[PDB]
Each structure stands twice: as C-alpha cells, then as structure tokens.
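Remarks on the structure that follows.
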Amino acid sequence: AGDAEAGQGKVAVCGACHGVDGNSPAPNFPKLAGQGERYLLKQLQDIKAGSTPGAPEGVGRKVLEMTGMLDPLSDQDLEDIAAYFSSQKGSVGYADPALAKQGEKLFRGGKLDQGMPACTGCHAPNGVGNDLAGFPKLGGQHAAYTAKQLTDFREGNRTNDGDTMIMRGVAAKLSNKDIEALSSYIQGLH
Ligand code: HEC
Ligand code: HEC
C-alpha cells in the first residue's frame, strides 16, 4: 500500500498534465483523482515497463506522453503516487443527451445480439468500479480519454488487460459510434 503524503511529493512532473490533484480539464489526459489505488498502481507499473526506451514491443502499456518518466521511481514510489491520487476527490463532467442516451443503453444493457456484456456488472451502475476486484472507476472520466481506451482495446493498441483478457473482448464488439456514445455517458456518470 502507498503513503499518500509521501506521494504528494513525488508528482511534480505530473502536474502540468494531470493537475496537482489529478483533475485537470485537459480532455485527453485521464483524471486520476479518486481512481482506485490498486488500479493506479498497476497502470503505473505497466506504463513504466512499456514506456521505457528499448522496452520490448508489446510489453506493458506504452504511453508516448510519459516515455521514460516513471523510470527513476521505485515500486514503493509508485504505490505512494497511487495512494496520493486515489485520496483525491474525483469530479464529474458533461453528458450530452444527444450521445449519452444511447451510451446509457449500451452501458446498462450491452449488445447481447453480439455477445457483449453490459458494463455495469464490473464498473458499477454509477461507474465507481471495484478497486478490490481490479475494476477501474470510469464515472466522470474525460470522454476523449475513455474513447481512446475503448478504441485502443478494440484495435490491440492497449494490451495490458492480459491478466483477465476482459476488455479486448468487450471492446471488439463496439463501433465508433458506440464508443462515442459510451464515453459521453460515462463523462456524466456518478
Ligand atoms: C502530459 C505530457 C503528461 C504527463 C506529464 C504525465 N502524464 Fe500520465 N498520462 C498522460 C496521457 C496522455 C495518458 C493517457 C495515454 C492514453 O492512453 O491515451 C496518461 C495516463 C496516465 C495514467 C493511466 C490512467 C488510467 O486511467 O488508466 C496514469 C496512472 C498516469 N498517467 C500517471 C501519471 C503520473 C503519476 C505522472 C507523473 C509521474 C504522469 N502521469 C505524467 C499524460 C501525462
Ligand atoms: C468485467 C467483466 C468488465 C466488463 C463487462 C467491462 N469492463 Fe471495462 N474493464 C475491466 C477491467 C478488469 C479493466 C482493467 C484493465 C487494466 O488495464 O487493468 C477495465 C478497464 C476499462 C477501461 C479503462 C479505464 C482507464 O482508466 O483507462 C475502460 C474505459 C473500460 N473498461 C470501459 C468499459 C465499458 C465501456 C464497458 C462496457 C461496454 C466495459 N468496460 C465492460 C472489466 C470490465
């Protein structure tokens, strides 16, 4: 487990993009505030491994915007950072009903004709996730971020779901329109 207080002092480079508390309005940078600690730690570990120079292709999670950044941090440092951001209060954004009513139907009902489950069983009806179960919080997240993640799982650009194999299979069944709709709904969800 991380020491949130310690983590507060280990995030200087992060602030421009994620905000001092993990709530920056920058639409492509995911909000970190209030995310589950376990999920944050896993992503930090995966991003560090996948985004270091010379990382073997397909390892971890390669985040171009964070290349090399986590490299001087120990595993404990990453736990402390995870704890710090998880301790912050998440925020909620805008759900355009032109997109979000269909997003809601997909989020609650899936696409059963295609075998795709609903999102609520893992990410919760209000999007809070389940940190002890490995399920990230989605509610309130920036739509462009969420959309990129669903697209990347669909396309095989994000493959650090390999411990469960869950999201690649879910996202395989989503169209671009479905992804836009879900992402809008999620942005307003609490
Ligand atoms: C702007 C140049 C950034 C800086 C500085 C840092 N991060 Fe970042 N981070 C950024 C992007 C664009 C992304 C998303 C990449 C994508 O998939 O499209 C991220 C992602 C993260 C995540 C994952 C969050 C999730 O919901 O899975 C984490 C945990 C994260 N970033 C942490 C983080 C920390 C701790 C940083 C300082 C050491 C840091 N980021 C800097 C962009 C930028
Ligand atoms: C349980 C069987 C799940 C179902 C059904 C869906 N999701 Fe999921 N999702 C699940 C896990 C275990 C993971 C984590 C993968 C990781 O790298 O450890 C996730 C992740 C996501 C993400 C990424 C969040 C981020 O902060 O980057 C998104 C955007 C996401 N899931 C969306 C999503 C939607 C919209 C779903 C219904 C169509 C859905 N998930 C189903 C587990 C499960």
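Letters A, B, ... go to the chains of the structure tokens in the order shown; residues in each chain start at 1; ligands are counted from 1 in the same order.
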Could you give me the residues within region 65-189 of chain A that DSSP places in alpha helix (DSSP H), as a PyMOL selection string? chain A and resi 75-86+97-109+120-123+143-155+166-171+176-187
Contacts of chain A with ligand 1 up to 7 Å, shortest pair per row, only C-alpha atoms and all ligand atoms, as a tab-separated table:
```
residue	atom	partner	partner_atom_place_in_ligand_line	distance
A:11	CA	ligand 1	37 (C)	5.1
A:12	CA	ligand 1	37 (C)	6.9
A:13	CA	ligand 1	37 (C)	5.2
A:14	CA	ligand 1	37 (C)	3.3
A:15	CA	ligand 1	5 (C)	6.5
A:16	CA	ligand 1	5 (C)	6.0
A:17	CA	ligand 1	1 (C)	4.2
A:18	CA	ligand 1	7 (N)	6.2
A:28	CA	ligand 1	12 (C)	5.8
A:29	CA	ligand 1	12 (C)	4.5
A:30	CA	ligand 1	26 (O)	5.5
A:31	CA	ligand 1	26 (O)	6.8
A:32	CA	ligand 1	24 (C)	6.2
A:40	CA	ligand 1	29 (C)	4.9
A:43	CA	ligand 1	29 (C)	5.3
A:44	CA	ligand 1	29 (C)	5.1
A:63	CA	ligand 1	15 (C)	5.1
A:65	CA	ligand 1	2 (C)	4.8
A:66	CA	ligand 1	7 (N)	5.4
A:69	CA	ligand 1	38 (C)	6.0
A:70	CA	ligand 1	38 (C)	5.7
A:81	CA	ligand 1	35 (C)	6.1
A:145	CA	ligand 1	18 (O)	6.0
A:148	CA	ligand 1	18 (O)	5.9
A:149	CA	ligand 1	17 (O)	6.0
```
Selection to disk with C-alpha atoms, as a PDB file, in the first residue's frame:
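Contents of out_36.pdb, freshly written:
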```
ATOM      1  CA  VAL A  11       4.383  14.125  -8.604  1.00  0.00           C
ATOM      2  CA  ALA A  12       5.974  17.451  -9.673  1.00  0.00           C
ATOM      3  CA  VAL A  13       6.480  16.442 -13.291  1.00  0.00           C
ATOM      4  CA  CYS A  14       2.870  15.157 -13.479  1.00  0.00           C
ATOM      5  CA  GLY A  15       1.066  18.326 -12.550  1.00  0.00           C
ATOM      6  CA  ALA A  16       1.149  20.226 -15.800  1.00  0.00           C
ATOM      7  CA  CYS A  17      -0.873  17.497 -17.469  1.00  0.00           C
ATOM      8  CA  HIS A  18      -2.866  15.755 -14.712  1.00  0.00           C
ATOM      9  CA  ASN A  28      -7.060  13.696 -23.473  1.00  0.00           C
ATOM     10  CA  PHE A  29      -5.283  13.338 -20.119  1.00  0.00           C
ATOM     11  CA  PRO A  30      -7.149  10.973 -17.831  1.00  0.00           C
ATOM     12  CA  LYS A  31      -8.287  12.252 -14.478  1.00  0.00           C
ATOM     13  CA  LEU A  32      -6.526  10.303 -11.728  1.00  0.00           C
ATOM     14  CA  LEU A  40      -3.484   3.172 -10.440  1.00  0.00           C
ATOM     15  CA  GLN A  43      -1.185   1.185 -14.597  1.00  0.00           C
ATOM     16  CA  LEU A  44       1.924   2.940 -13.227  1.00  0.00           C
ATOM     17  CA  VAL A  63       2.187   5.888 -23.182  1.00  0.00           C
ATOM     18  CA  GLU A  65       3.294  11.222 -23.420  1.00  0.00           C
ATOM     19  CA  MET A  66       5.010   9.588 -20.470  1.00  0.00           C
ATOM     20  CA  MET A  69       9.071   9.438 -16.848  1.00  0.00           C
ATOM     21  CA  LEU A  70       8.442   6.694 -14.309  1.00  0.00           C
ATOM     22  CA  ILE A  81       1.720   8.078  -6.030  1.00  0.00           C
ATOM     23  CA  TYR A 145      -9.745   9.585 -22.949  1.00  0.00           C
ATOM     24  CA  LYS A 148      -9.289   6.344 -26.895  1.00  0.00           C
ATOM     25  CA  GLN A 149      -9.080   3.484 -24.409  1.00  0.00           C
TER      26      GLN A 149
END
```
Separation of CA of residue 96 (chain A) and CA of residue 177 (chain A), in Å?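 CA of residue 96 (chain A) sits 13.9 Å away from CA of residue 177 (chain A).
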May I ask which of the residues A:144, A:158, A:109, A:90 is the closest one to residue 190 (chain A), counting only C-alpha atoms?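 Residue with the minimum atom-to-atom distance to residue 190 (chain A): A:90.
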Name all residues at most 7 Å from region 184-189 of chain A (count only C-alpha atoms; drop same-chain ones fewer than 4 positions away) and give them as a PyMOL selection string. chain A and resi 92-96+99-100+103-104+126-127+138-143+180
For ligand 2, list the contacting residues at 9 Å or closer, counting only C-alpha atoms and all ligand atoms, as a PyMOL selection string. chain A and resi 30-32+35+39-40+42-43+46+61+103+106-111+116-123+129+133-138+141+145-150+153+158-167+170-171+173-174+178-179+182-183+186
Could you list, as a list in words, every residue within 7 Å of residue 2 (chain A), counting only C-alpha atoms and ignoring same-chain residues fewer than 5 positions away? residues 76, 79, 80, 82 and 83 of chain A
Based on DSSP run over this structure's backbone, return all residues of region 42-145 of chain A in strand (DSSP E or B), as a ChimeraX atom specification. /A:111,116,130,135
Straight-line distance linking CA of residue 50 (chain A) with CA of residue 77 (chain A), stated in Å to one decimal: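 Between CA of residue 50 (chain A) and CA of residue 77 (chain A) the gap works out to 17.5 Å.
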From the list A:57, A:37, A:21, A:152, the nearest residue to residue 89 (chain A) using only C-alpha atoms is A:21
Separation of CA of residue 85 (chain A) and CA of residue 132 (chain A), in Å?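 Pair CA of residue 85 (chain A) / CA of residue 132 (chain A) returns 16.4 Å.
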